[PDB]
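Numbering (the authors' numbering), first residue to last: -1 to 2, 5 to 202.
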């Protein structure tokens, strides 16, 4: 036996339960934006403690395990995926992924170990990178006209969320600046998996 504060033991979620959250399949960037808006407009936590996390890589092909789209022990290969990270007051980070089969929210270490897994045995060009944007900056700067979700005829590849596109005074479409893992582009900070776990892990 070994003894391991207890703050994480009583952590209260920053979101509604998973089934009560605004959600559209294949629009995780918007599902997370909507979680950020909820946190901002409610009186439980400050957005300063929260981050939007884009996961992708140069080839836009990332495996993520424990995904609802592929029940079982294999991965979903996404072009990108977006989750919300909350750094709780006591220091423990939590991941909010509406698309995971893991708990919602999930302790950071368990999400990284079970949904992300080690990059050590993954072929290097499939390895995961993480663009971390403070949630305030995400709400201030994110814009998507959903044009990436339409074929050349304008037909939707997946049904759109039930509210108008997110726009700012500066832009109507900058989604590629969040998907990109080039630090020369966009907002926040880009991390390798090891850098990401070093920054947020307990």
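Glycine included, each C-beta is placed from N, C-alpha and C at the ideal position.
With 16 other Cβ atoms within 10 Å as the buried cut-off, status of residue 60: exposed
Check residue 68 in the structure and name its three-state DSSP category. coil
Thinking just about the alpha-carbon of each residue, which of 116, 26, 11, 45 is nearest to the one in residue 158? 26
Would you give the residue range spanned by the beta strand (DSSP E) that residue 132 belongs to? 129 to 134
Member of 112, 124, 155, 127 whose CA lies at the smallest distance from the CA of residue 198: 112
Please determine if the segment 140 to 147 and the segment 171 to 188 are in contact, where contact requires at least 3 C-beta pairs separated by less than 8 Å. yes
Kindly list the residues whose CB is nearer than 6 Å to the CB of residue 4, restricted to its own chain and excluding five residues on each side of it in sequence; keep chain order. One cannot assign coordinates to residue 4, given that the chain in this structure leaps from 2 to 5.
Whole-angstrom C-beta distance between residue 84 and residue 36, which should lie under 8 Å: 7 Å
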